[PDB]
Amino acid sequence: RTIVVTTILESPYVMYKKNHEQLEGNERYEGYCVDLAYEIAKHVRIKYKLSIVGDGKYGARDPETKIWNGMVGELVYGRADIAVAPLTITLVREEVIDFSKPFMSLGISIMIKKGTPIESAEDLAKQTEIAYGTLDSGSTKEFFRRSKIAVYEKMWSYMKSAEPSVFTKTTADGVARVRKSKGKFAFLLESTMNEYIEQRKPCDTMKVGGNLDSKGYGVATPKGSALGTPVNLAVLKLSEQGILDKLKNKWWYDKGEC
């Protein structure tokens, strides 16, 4: 009767509170999705316990084993009742789980160290002085893999034979590599994260150009779950009341340092 809510450690969605080591249960965490879970759980009238995904992944299906991993895997095999996180809505996933209507809108984008002579994906693909990559094992990576557009077809061929490995294990690791590499590495990541990093000290990065595509994040439940319909209406309710906007302001911009 207590719902398991799977999520992922990723600022500023879910983070350890300043004195987390001295608390317990849901009180250890704070962030955008901690609040969202609270508001949803309040319209749907349920008790819940937040739970961090063991492998830290979003959700992909192994081509040989055909097992699903990450948060998606937790719903498919029945270990979690709902996922509340920055999980992208895609065709492959929608075949195996359900999504609510988007609670956030976004697209792929470019992050550079201030001063780098880059304005577009066309600028990146036509040179090799500057190396670039993506988070691993996510929808961003997958996007370049499956592209039939010329410029992106060019970029993925570079990233393919990149030495050393151009991908990263974490968003944090990417940003760090941008900050350390003195403008010789650029990072391709979702614009929600790009926009957040930009308002954080040391204030040395920035988003350049427009977005590569359009998409959204959804709250997910296993196929045929009874919580699916109540969760969708709840999301639409919060959007219509200005709660969603109020929450982005709180965690992105009301605490901006630059």
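In this text, rigid core is short for the largest set of C-alphas that superpose within 1.5 Å between two forms. Note that residue numbering follows the sequence shown and begins at 1.
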query	finding
More variable segment, 57-65 or 195-203 [Cα RMS over structures in 4 other deposited structures of this protein, core-superposed]	57-65
Core-fitted comparison in 4 other deposited structures of this protein, 235-243 vs 20-28, farther C-alphas	20-28
Given 102-110 and 123-131, the range whose Cα B-factors average higher in the PDB entry	123-131
Mean C-alpha temperature factor, higher of 67-75 and 148-156	148-156
Which of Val84, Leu91, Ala176, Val96 ranks first by CA B-factor in the deposited coordinates	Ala176
Assigned third (lowest, middle, highest) for the C-alpha B factor of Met15	middle
Entry-reported Cα temperature factor of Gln241, expressed as the chain third it lands in	middle
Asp62 by Cα B-factor - lowest, middle or highest third of the modelled chain	highest
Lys49 - which third its CA temperature factor falls in, relative to the rest of the chain	lowest
Third assignment of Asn26 from its chain's C-alpha B-factors	middle
